[PDB]
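A single chain comes next, written as structure tokens; it is the form solved without the ligand.
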């Protein structure tokens, strides 16, 4: 309900699984929201336009007192059934949403907003021990998948993410003309984005048991996350200290269950629980400490301390172009009549 917390829910759809959790998360990434409103969607069709459909949901979440529907948005990228959401991860849905937007924002004042907010950089190397050969590949990433099995916390997950793997014995590195060689494999972070999307791997295929198992283990994530020690080169002027913004939680059975997101929208430590149509205030401990598990958190969103004021900049009704408002209201008039 809007009068309590000032924020509005999304309509209850069991088929959509984790979409409402993602939509709310992306909606309260305010710099993206402003950016999404400026997309030149005039020419796009009312039914099959994902950028327009995201504009509608965002517009409605900003203005509506009643809960917001997502039926038009689901129809725009063709994930109508339950099976569609079941055979995709949350990061993949986010890729589908942000690609459409990123492509629409090309050739505009808002170009490069997605990579500005989300794109970091890393290096993957393979270094041979006893022979002079190295293989560096630079990669962009818009999200990080973290390992949690036998890991107490995020710090240990980042330790494991950058940990050097030893390619030796039966798993020796095929080094081309040099042949089978003992080698070291590893990953190093060059940059970390303003908005950091961390997915926690709670579904590892087990080799010994020979079955996909869910992981219900306790996993601790902090309100503040320093990441300088995991960068190759630290900047004194801009340290990589991050603030917890969102916690996407799942409960109950796999293949149905119940999805909730917890959010810290203004970055000010004042938490709200977004349970589909019901938005309500909650404690830090309900959002953070009580979702450690051992009910499990699967995605976490951190925002960089230095970029917080820009990323969560105040949106108003004036930051939506009139042409878009006129269009969306003209739809709302016809639907009601």
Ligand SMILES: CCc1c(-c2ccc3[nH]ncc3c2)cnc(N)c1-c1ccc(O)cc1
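We call the rigid core whatever largest set of C-alpha positions still superposes within 1.5 Å between the two forms. Residue numbers count along the first chain shown, from 1.
Q. Does residue 182, which is modelled here, drop out in at least a third of the other compared PDB entries?
A. That residue is present in all of the other compared entries.
(Q) Using a one-third cut-off over the other compared PDB entries, is residue 136 one of the residues left without coordinates? (A) Per the records, residue 136 is modelled in all the other entries.
Q | Size class of the missing deposited segment between residue 294 and residue 295 | A | 10 or more residues lack coordinates between residue 294 and residue 295.
Q) Which wins on mean Cα temperature factor, 69-77 or 207-215? A) Per the deposited B-factors, the answer is 207-215.
Q. Where do the C-alpha atoms have the higher mean temperature factor in this entry, in 126-134 or in 183-191?
A. Per the PDB entry, the higher value belongs to 126-134.
Q: Return the residue from 329, 316, 25, 313 that has the highest Cα B-factor in the entry.
A: Highest CA B-factor of the listed options: 329.
Q) Among 222, 115, 265, 176, which residue carries the highest C-alpha B-factor recorded in the PDB entry? A) Among 222, 115, 265, 176, the highest C-alpha B-factor in the entry belongs to 176.
Q | Third of the chain, ranked by Cα B-factor, where residue 14 sits | A | Its C-alpha B-factor, which the entry lists for residue 14, ranks in the highest third among residues of this chain.
Q: Would you check the entry's CA temperature factor for residue 160 and let me know if it's in the chain's lowest, middle or highest third?
A: According to the entry, residue 160 has a C-alpha B-factor in the chain's middle third.
**Q.** Where the record places residue 170 (Cα B-factor, split into thirds across the chain)
**A.** Top third by C-alpha B-factor.
Q) Going by the entry, which third of its chain does the Cα temperature factor of residue 239 land in? A) CA B-factor rank for residue 239: middle third.
**Q.** Third of the chain's Cα B-factor distribution that residue 140 belongs to, per the entry
**A.** For residue 140, whose C-alpha B-factor we compare with every modelled residue in the chain, the answer is the middle third.
There is another form of this protein, the form solved in complex with the ligand, and it is not shown here; the text below is about that form.
Q) Though the ligand is not shown, can you say which of 168, 228, 160, 99 has a heavy atom within 4.5 Å of it in the entry with it bound? A) Of the listed residues, the single hit is 99.
Q | Among the candidates 312, 299, 50, 279, the residue which, in the entry with it bound, approaches the ligand to within 4.5 Å (heavy atoms) | A | Of 312, 299, 50, 279, the residue with a heavy atom within 4.5 Å of the ligand in the entry with it bound is 299.
Q: From the candidate stretches 191-199, 261-269, 233-241, 128-136, select the single one in contact with the ligand in the entry with it bound, where contact means a heavy atom within 4.5 Å.
A: Comparing against the ligand in the entry with it bound, the contact stretch is 191-199.
Q. Using 4.5 Å between non-hydrogen atoms, is residue 94 touching the ligand in the entry with it bound?
A. Yes, residue 94 is a contact residue.
**Q.** residue 110, heavy atom within 4.5 angstroms of the ligand in the entry with it bound
**A.** Taking the distances in the entry with it bound, the answer for residue 110 is no, it never comes within 4.5 Å of the ligand.
Q.
Please determine whether residue 118 contacts the ligand in the entry with it bound, using a 4.5 Å cut-off between heavy atoms.
A. Looking in the entry with it bound, residue contacts with the ligand include residue 118, since a heavy atom lies within 4.5 Å.
Q) Is residue 154 a contact residue for the ligand in the entry with it bound, using a 4.5 Å heavy atom cut-off? A) Close contact is absent here: in the entry with it bound, residue 154 is far from the ligand, nothing within 4.5 Å, heavy atoms only.
Q: Would you indicate which listed residue, out of 229, 130, 238, 253, moves its Cα by 2 Å or more between this form and the one not shown relative to the superposed core?
A: Result of the superposition: 253 is the only one at 2 Å or more.
Q.
Taking the cut-off of 3 Å or more as given, in which direction does the distance between the C-alpha atoms of residue 150 and residue 253 change in the entry with it bound, closer or farther?
A. Compared with the shown chain, residue 150-residue 253 is closer in the entry with it bound.
Q | Direction of the Cα shift between residue 256 and residue 78 in the entry with it bound, where the change is 3 Å or more | A | Farther apart, which means the C-alphas of residue 256 and residue 78 are at least 3 Å more distant in the entry with it bound.
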